[PDB]
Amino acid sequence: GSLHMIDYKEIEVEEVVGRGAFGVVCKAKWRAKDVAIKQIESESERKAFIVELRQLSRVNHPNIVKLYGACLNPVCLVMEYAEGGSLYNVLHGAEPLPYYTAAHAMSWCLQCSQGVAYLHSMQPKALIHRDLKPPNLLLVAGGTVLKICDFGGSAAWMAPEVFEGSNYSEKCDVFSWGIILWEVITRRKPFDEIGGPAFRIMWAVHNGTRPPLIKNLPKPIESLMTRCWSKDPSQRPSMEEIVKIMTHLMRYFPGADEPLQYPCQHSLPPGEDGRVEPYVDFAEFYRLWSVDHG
């Protein structure tokens, strides 16, 4: 895999757009176009920036944030600017929050599984993301196109074998994906009710706690979600299987290409009796499903 060699002088560093695992993300201008720059803040980040460089140099997929190139003085990654910001901000950010549909929710998850299945298909060795969560998922094309960034606060999406220090596989990303599917359908932060620190989430998840069940969730979606959540990573489906299932389910989710443009004030969490109400509405799914089946 190859990457551009860029002069920091060619970059017009604009405002800070966020902060990740290491470094800082700024909006910037490079070769008349808009970019996202992840600059180095401390000498300790060098090993991570280099590993991210060699990894992202071989990665080319529509659902993965494109790394245009890099600077080596100072060390900085020049990427495509995801104008729609993070999925976390769309779901849980500052008001006004956008309205979104069951079709957007399923589409975002399909697209995330498409990018992760590409990473897992990597030869000679599969690439594991290890930090799949809404802050690391970015949106473009009016909030309709999802792109994964920052390959590995995260305890709520972490597979129990990972924090157990156990030998884990690409099945840890499948667990995180299952949590994200619950999170987009409910528009709730997973394990928000469990007060911090992280060890309290880890203890609960390690003991079998999973997000509450969704009232009126279609049985095929419920089965997929809970299989992804399995304690035993060998019982979880592969990403290739999630892609196929999610692809087939989209026939009952039209409208995923509709940009996010509507204001939303639905933004009120009802209650918790072991079961939560979905934020999205499955009425149209059930209707479209009946036409095909009976």
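From 1 onward, residues are counted along the sequence shown. Think of the rigid core as the biggest set of C-alphas that the two forms share within 1.5 Å after superposition.
- Larger root-mean-square CA separation from the shown form, computed after a rigid core fit of the structures in 9 other deposited structures of this protein, is seen for 73-81 when 73-81 is set against 183-191.
- Comparing the two stretches 250-258 and 56-64 by root mean square C-alpha distance in 9 other deposited structures of this protein, with all structures fitted on the core, the more displaced one is 56-64.
- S42, though modelled here, lacks coordinates in at least a third of the other entries of this protein that were compared and that model residues flanking it.
- For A21, the fraction of other compared entries lacking coordinates, among those that model flanking residues, reaches at least a third.
- Deposited sequence between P218 and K219: no residues lack coordinates (chain continuous).
- Higher mean CA temperature factor between 238-246 and 23-31: 23-31, per the PDB entry.
- The PDB entry records a higher mean C-alpha B factor for 66-74 than for its counterpart among 252-260 and 66-74.
- Across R46, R227, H61, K231, the greatest Cα temperature factor reported in the deposited entry is at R46.
- Per the deposited record, the Cα B-factor of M79 falls in the highest third when ranked against the other modelled residues of its chain.
- When the CA B factors of the chain's modelled residues are split into thirds, the value for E15 lands in the highest one.
- When the modelled residues of the chain are ordered by C-alpha B-factor, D273 sits in the highest third.
- When the CA B factors of the chain's modelled residues are split into thirds, the value for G142 lands in the middle one.
- Ranked by Cα temperature factor within the chain, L288 sits in the lowest third according to the deposited record.
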